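**Q** no sequence for this one, just the structure:
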Ligand SMILES: Nc1ncnc2c1ncn2[C@@H]1O[C@H](COP(=O)(O)OP(=O)(O)OP(=O)(O)O)[C@@H](O)[C@H]1O
Ligand SMILES: Nc1ncnc2c1ncn2[C@@H]1O[C@H](COP(=O)(O)OP(=O)(O)O)[C@@H](O)[C@H]1O
Ligand SMILES: [Mg+2]
Ligand SMILES: [Zn+2]
Ligand SMILES: [Zn+2]
């Protein structure tokens, strides 16, 4: 009956439509909707996709939903919500959570079991809609769609630490020591006027206790427009993203993500002191769903065992690692043996004994060693493929550098430390400088790197394996001359 | 206090004449009024902009002159002052707005819902008109043709420059010719702000006519008149009206700058549907109102009476596909015949000779097959052509000329600027002082040609990027904590300068230039153009050069210069085509390669040849056959195509002596 002020959304019909949608929907209605021909109806029409996810969530206890927009449009009666959500996301989502609140009860008591439901009552639920509409870049956003759900795509540049946000203030009285909590609305705190205690009742006797309040977590992300869609002679644009609650610390730096969220615009103050504002707002998005671009099962164990029971396991993974490479089976044998490595041990008296295998490939200049290295790069779990042509003399180890965003100090590890426990591939070994070479010498001898700069003295762990590829001087490796002259490498390093 | 002055202009008669012009005006050449048609079109939620023509206003004045009754020269009043006539015309439009004739179509418009909800409560139990407005009003400058038709001269549409804009033209409608250099993103600017008041009365509206404002934060309604302290106003974005705003900078053209001076710049502000009409790098003629900025805030005190300025834009005039037409153009060029030779020849018709180089530049313009093999293997189809030779052989016109043919191309030069390897992750942009990931020139040209002039003097820092592109075509990015890899598939056209002058009877080609052997091996083709003195060739070269100086036209000859747009149309169409190969064709390639290798084992000699053949040579043979097949043929490649590719490679190889 009554409608929330401003909008046209009413809870009464929305709740009923949603419950009908959930208990009624199947893949049958979905495949009737899309009906793109060659659509499989093999028992999927009666699978009850929503109810099975609902039950598996109830038994798991996790609160995560992936409601889609096309599926929401599939049902005829709930088609209203499709156009009623794009324009009023917040209120529709509030109805969403309120209906999911009793979606639990609708299924826990169907057989009248002994589920507590008290932890269900305490916990809250929400939704993560995706594929709301056609994806449009940030270069086409008008003020005509403020406070409306959109889907954006872009490169992640950076993230900020967790930001506290006050929810419940906490005031103490400096005379009678009475504690009272005041909720804040939209940021502004309504100050208590005088102490509620009628006996105390003193004007101007309030003190704020900062560490006794209640806070929630925020994160801010920075996006950049993808180079593919940019036109000629332009500079990429940027958008700031607000992330709350469980989605915080999800987007790593440098990834490319497609997100769903509400466009919003806020004013920013002209003068820091005065109340005055300037007639130009800033635009950002509050995100609700993010998508990007171990624990092996027992069946995996069984298949691993039966494959390991093969008559000749050596040759099979000899040929698998480099399918393109023809012949050169012996180097593949060596690399396959290297990728496992002998056992590692460190007994108290003698000390640690190495268990890493180092391999150097060299010879005539137009063989296929670089492709071999790029092949072994992918197979190994943790490894780095960087050429030794140049870069810093400690570019493979720690390098104390000044932070760019903040005028602070950061200790950044190198490529040998970042290949700990794996295989590190070095390309163009012959161009590596005389001063940085010694660094590798301490890596291949003691497997540790020590840095003593800017008041910091410390040691890291290398424990990696070196596979390198080099080129000679000239267009051929003449067998008559020995190895030393051609390869231009110190005898100990080759040894 | 404030003294008073008498001015001839009276706005009452002006408003009367605007009302008369909106109704009466008819196009003399649908029937009826010209503008009440488009107003009815607007009322149906279809047209978002209203554009007035001063030619049409002159037509109404001329009609009245035909009747003979006096007029108020509305066209001159608009030119002299235009910031007030916009509001006058907006009010005139609002008064005579036609009713919605069809398809009311109220679906989910938030402002519509708010306005409809207002009616019930207000009637059961005056706002700024601009809130209900949707159309945007723009003026159109005068036309010299219509002006010369009725004299009266013209000032608003004359193409002035940035420098010719004096302080006497402020507050008028003028036009400026220049090139756009910087354009910013679109942001919302508030026009009417609505505050919600704790269920006190109802939301209040305030208009903003400046760049800076103050919130109300006090409820003055009759129900809100009660004395109890109750709370301030909170802004509601949904009930507020925004507008699209954009700012740009226009710079004076090099032709119009006097000697010894530095070009100036002008600022342009655009609001409404006209946004996004201008992009960087465009030479345009922009009309608008020239207005003074307030310059307030900090650093205003020192100026005192000095002001900024800007131009509110209202019109844009830019100076400068699969269809049956382009379907027939390619057929016409096919029927023309001699596509190979004519295409090579028409490239830079000024330069006489070096015809094989012109054949190879065509193959570089087209691209070979890029096939993604399974299990991670990839093969490149891009072309790497390096042109070496003595100075003063037309080294650096040839290159520049090739850049014209393909839109996706960048001409990068020596250490004067760093663009080859500038894949930096830091950008100190003055507008916001935050980092922006900035790609280099190699990344910028995707599916394009990178013309690297003076490649000898370019530093090893760029040599790293050149080395990596030819290997994997994926640029790793700077170490500013982003760990990004960017696609950089591109073709390379390099121009070289031999060490200490010209060719030297030193036998090794490696001795002639500094470039490493590994770097040169990755190049698909190497061309040596040595300047050898011959008495016959100098005569024709001198005659060809001097004919251009005597008569600016190039020397007329039986050779026909094909039209450049046809060049581009055929090149693009060939690029879209995808060849395919057969098992029989590639069998002869093995015999060719084994013969080449058996030659190379004994080809090692004192002077001729560069090292020995490599499987990369076999790969480049197929890669070059790709372009020669794409040139005219389709589907399976001809056997003679391999012969043509081999011939071109062999001529390039034999260029070492020549
Ligand atoms: N075959 C040719 N046809 C026409 N003009 C030519 C030819 N060869 C050289 N030129 C002349 O050479 C000049 C163009 O090349 P230019 O000497 O300016 O540059 P470059 O070859 O890159 O040499 P540099 O090392 O001096 O920069 C023009 O004066 C042009 O007339
Ligand atoms: N044995 C081989 N098997 C397959 N391809 C080869 C072989 N030898 C050479 N090639 C070809 O030659 C090229 C070798 O380049 P690469 O080895 O990466 O350069 P570099 O000599 O700098 O390591 C590859 O493109 C590859 O296709
Ligand atoms: Mg030159
Ligand atoms: Zn108290
Ligand atoms: Zn009030």
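**A** Good, I have the coordinates. Numbers count the residues shown, from 1 in each chain, chains lettered A, B, ... in the order given. Ligands and ions are numbered 1, 2, ... in the order given.

**Q** for residue A:15, which non-adjacent residue is spatially closest?
**A** residue A:99 (5.2 Å; CB to CB, 6 or more residues apart in numbering or on different chains). Bear in mind the C-beta positions are built from the backbone N, C-alpha and C, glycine included.

**Q** which helix or strand contains the one you found?
**A** Using DSSP states H and E, residue A:99 sits in helix A:89-108.

**Q** about what we covered before: so who does the residue nearest to residue A:15 touch?
**A** Listed by CB atoms under 8 Å, 6 or more residues apart in numbering or on different chains, the contact set of residue A:99 reads A:14, A:15, A:18, A:19.

**Q** between those, which sits nearest ligand 5?
**A** Ligand 5 has its nearest neighbour among the contacts of residue A:99 in residue A:14, at 30.5 Å by CB to the ion.

**Q** report the secondary structure state of that closest one.
**A** Under DSSP: H, G, I helix; E, B strand; the rest coil, residue A:14 falls in the helix class.

**Q** wait, it sits on residue A:91?
**A** No: counting by CB atoms under 8 Å, residue A:14 stays clear of residue A:91, with 9.2 Å between them.

**Q** need the residues of the stretch 151-300 of chain A near ligand 4, please.
**A** Contact residues, the stretch 151-300 of chain A versus ligand 4 (CB under 5 Å from the ion): A:173, A:176, A:178, A:195, A:197, A:200.

**Q** pretty sure the fourth one contacts residue A:207?
**A** No: under the contact definition of CB under 8 Å, residue A:195 does not touch residue A:207, with a separation of 11.2 Å.

**Q** list residues touching both of these two?
**A** Shared contacts of residue A:195 and residue A:207, counting by CB under 8 Å, 6+ apart, come down to residue A:173.

**Q** make TSV from the contacts of residue A:99 and add distance to ligand 1 and neighbour count to it.
**A** TSV is the format used below for the contacts of residue A:99 (distance: CB to the nearest ligand atom, whole Å; neighbours: other CB atoms under 10 Å in any protein chain shown):
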residue	distance to ligand 1	neighbour count
A:14	74	21
A:15	77	15
A:18	73	22
A:19	78	14
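
**Q** between the residues you listed, which is closest to residue B:34?
**A** residue A:14 (48.4 Å; CB to CB).

**Q** what sits against that closest one?
**A** The contact partners of residue A:14, by CB under 8 Å, 6+ apart, come to A:81, A:84, A:92, A:95, A:99.

**Q** which ones are touching the third one?
**A** What it means is residue A:92. Contacts of residue A:92 by CB under 8 Å, 6+ apart are A:9, A:14, A:81, A:84, A:85.

**Q** and chain B, is the host helix or strand of the fourth one touching that?
**A** Following DSSP H and E, one finds residue A:84 within helix A:79-85. Yes: where contact is defined by CB under 8 Å from any CB of the partner chain, part of helix A:79-85 touches chain B, namely A:83, A:84.

**Q** any idea which residue of chain A lies closest to ligand 5?
**A** residue A:5 (14.8 Å).

**Q** against ligand 1, how distant is that residue?
**A** Distance of residue A:5 to ligand 1, given as CB to the nearest ligand atom, to the nearest Å: 75 Å.

**Q** wait, residue B:597 touches residue B:613, no?
**A** Yes: using CB under 8 Å, residue B:597 makes contact with residue B:613 at a distance of 5.5 Å.

**Q** the two - which one has more neighbours?
**A** residue B:613 (19 against 16; other CB atoms under 10 Å in any protein chain shown).

**Q** what about that one, which SS state?
**A** Applying three-state DSSP: residue B:613 is coil.

**Q** next, residue B:597: phi, psi?
**A** With angles defined as degrees, to the nearest 10, residue B:597 sits at phi -70, psi -40.

**Q** check residue A:449 too.
**A** The phi and psi values for residue A:449, taken as degrees, to the nearest 10, are phi -120, psi 130.

**Q** run a quick neighbour tally on the closest residue to it other than its chain neighbours.
**A** Among residues not flanking residue A:449 along the chain, residue A:397 sits closest, at 4.5 Å (CB to CB, 6+ apart). Residue A:397 sits with 24 neighbouring residues when counted by other CB under 10 Å.

**Q** repeat for the one 3 residues further on
**A** Using other CB under 10 Å, residue A:400 is surrounded by 15 other residues.

**Q** how about the residues of the stretch 201-350 of chain B by chain A?
**A** B:208, B:210-215, B:217, B:231, B:234-239, B:242-245, B:279-281, B:297.

**Q** now, those residues that are in strands?
**A** In this view, those that belong to strands under DSSP state E are B:212, B:213, B:234, B:235, B:236, B:237, B:238, B:239, B:242, B:243, B:244, B:245.

**Q** check which helix or strand residue B:585 maps to.
**A** Residue B:585 belongs to helix B:583-603, assigned by DSSP H and E.

**Q** ditto for residue B:205
**A** Going by DSSP H and E, residue B:205 is part of strand B:204-207.

**Q** helix, strand, or coil at the closest residue to residue A:20 other than its chain neighbours?
**A** Spatially, and ignoring its direct neighbours in sequence, residue A:20 is nearest to residue A:77 (6.8 Å; CB to CB, 6+ apart). Per three-state DSSP, the local secondary structure of residue A:77 is coil.

**Q** what's the answer for residue A:257, then?
**A** Classified using three-state DSSP, residue A:257 is strand.

**Q** quick one: residues contacting residue B:114.
**A** A:6, B:238, B:239.

**Q** isn't the last one right up against residue B:204?
**A** No: because the distance of 10.2 Å does not satisfy CB under 8 Å, residue B:239 is recorded as not touching residue B:204.

**Q** pull up the overlap in contacts between the two.
**A** Shared contacts of residue B:239 and residue B:204, counting by CB under 8 Å, 6+ apart, come down to residue B:194.

**Q** gap between stretch A:440-458 and the chain center?
**A** 31 Å (CA atoms, centre = their mean, to the nearest Å).

**Q** and stretch B:49-62, by the same measure?
**A** The answer for stretch B:49-62 is 32 Å, by CA atoms, centre = their mean.

**Q** does ligand 1 have contacts with stretch B:330-345?
**A** No: using CB under 6 Å from any ligand atom, stretch B:330-345 never reaches ligand 1; the gap is at least 13.3 Å.

**Q** quick one: buried residues of that stretch?
**A** B:333, B:339, B:342, B:343, B:344, B:345 (16 or more other CB atoms under 10 Å in any protein chain shown).

**Q** now the closest residue to residue B:89 other than its chain neighbours: which helix or strand?
**A** Spatial nearest neighbour of residue B:89, chain neighbours left out: residue B:137 (5.7 Å); criterion: CB to CB, 6+ apart. Taking DSSP H and E as the definition, residue B:137 sits inside strand B:136-140.

**Q** can you list the residues of the stretch 201-350 of chain B near ligand 5?
**A** B:219, B:224.

**Q** can you give me the strands for the stretch 201-350 of chain B?
**A** Taking DSSP state E, counting those that start in this stretch, the strands of the stretch 201-350 of chain B run over residues B:204-207, B:212-213, B:234-251, B:265-271, B:283-293, B:308-318.

**Q** closest one to ligand 4 among the ones you listed?
**A** Of all those, strand B:234-251 comes closest under CB to the ion, at 30.5 Å.

**Q** tell me the strands beside the closest one, with direction?
**A** When pairing is defined by DSSP bridges, strand B:234-251 lines up against strand B:173-183 (antiparallel), strand B:187-196 (antiparallel), strand B:265-271 (antiparallel).
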